[PDB]
């Protein structure tokens, strides 16, 4: 085990668009982030990861980049960006930015030139192909709807886009492309950014000759897209030519990658990436074919995935741990219980799990307040292009009924985590003086930052306490992870141990009071923290009485 600031750091993810608006146009901006750095510092955050801040038409809210060297108009200036880095440095905070290089906006200069003629120098920066019998080159489907091939009538060829048609994929097989991307990365790294989070990092390498996908592959095509024969050669090349020249932390969003193949991206000996962002846990209850649909799950399934993810990282890799982010529903709604009676306690329980895993924890803006999913009714209330893609492919084709579709996307939509951060009880929760780009959840009157910061028993302050505890206990970062019983669907319990120091974490996922006898003659030395109190725990206790959703951390004897 080697110590790294990024293994011990508590990260906080900021979705600029919905964090804090400072000029009344309804859109979060960089000055808003700077304005809240003291709030985050009080919380105890060590580093901030911000979603795409580059010039973009926003077909995919920042993930379709028109100019990699320019700040998105709505977010501010290069000046604001440099100030953010500086104000953060002052507070001993490190900044991580989002690197979106699997594709670019179709308004990106390289693509504008690329589509102009078959002989343009930049034609090879993307993937162009002739029709096949007047049809698309092959049967590749797009994550965002319809075919992954878009016809261009000027040149009579189709271009590839795994995501939106406004997001053409870059030709990593072209050396000039890699070199230009490396140059772009150095531009941002030389400004002092401390980390890079790579968006869909495992799809850079395409399949030679683009052969059709089998009928079966069509039901799980992301898995086929991550089989590029040169993905690791490329990630490692990027490490040698760029990454290795700076003291930074790199996270890889390995979308589509099976857990067994994940280690090749993060084994420290391979010189590729540092922190793994896996989907196994966060989308454990998601259908792999109809990717918008959810199904029931049990704690035993949840904890069994955590154990597999932990063992796969093992000795040479490293994991990030999070239960929500901008591409998923809210943690308290998804993994806890967001009803009025259980929201705060279940929220605190997820907080406990999050800050005590053998991994870098990532907290998503607003989840430290227990923000919940938004009550979307009609299909036109969603903003997400992904949602619209699913709606077209599944509802407008008559494959699935609108009501059943909506029942599911209300539970799985990325938009659930994109409603404006709830700062206070004023109009629009204090997010903006204008009109929010996306509607604010009505529950902000009950759930807001100003209210919780001064309340010692608040969700915000529970996170603050847990972040302090993790900072104070090496075992909680580096301690080995052991699940006391992977088949238990009621009480989640595990130990974290480093040398002679051993700690226990427990969460009663049940709505009923539970008595839990510890195994292996384990006994309690002292309570580190617990959501309860009045639930007296004494030295040498080996039986815990847990109230519904109760949770806690204890130091064990020996």
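Residue numbers count along the first chain shown, from 1.
As recorded in the PDB entry, 121-129 is the stretch of 355-363 and 121-129 with the greater mean C-alpha temperature factor.
Here 112-120 and 455-463 are compared by their mean Cα B-factor, and 112-120 comes out higher. When the C-alpha B-factors of 482, 203, 278, 212 are read from the PDB record, the largest value belongs to 212. Between the residues 283, 90, 293, 303, it is 90 that shows the highest Cα B-factor in the PDB record.
Sorting the modelled residues of the chain by their CA temperature factor places residue 550 in the middle third.
Sorting the modelled residues of the chain by their CA temperature factor places residue 53 in the middle third. Looking at the C-alpha B-factors along this chain, the one for residue 287 belongs to the middle third. Ranked within its chain, residue 514 lands in the highest third, by CA B factor from the PDB record. The entry lists a Cα temperature factor for residue 219 that places it in the highest third of the chain's modelled residues.
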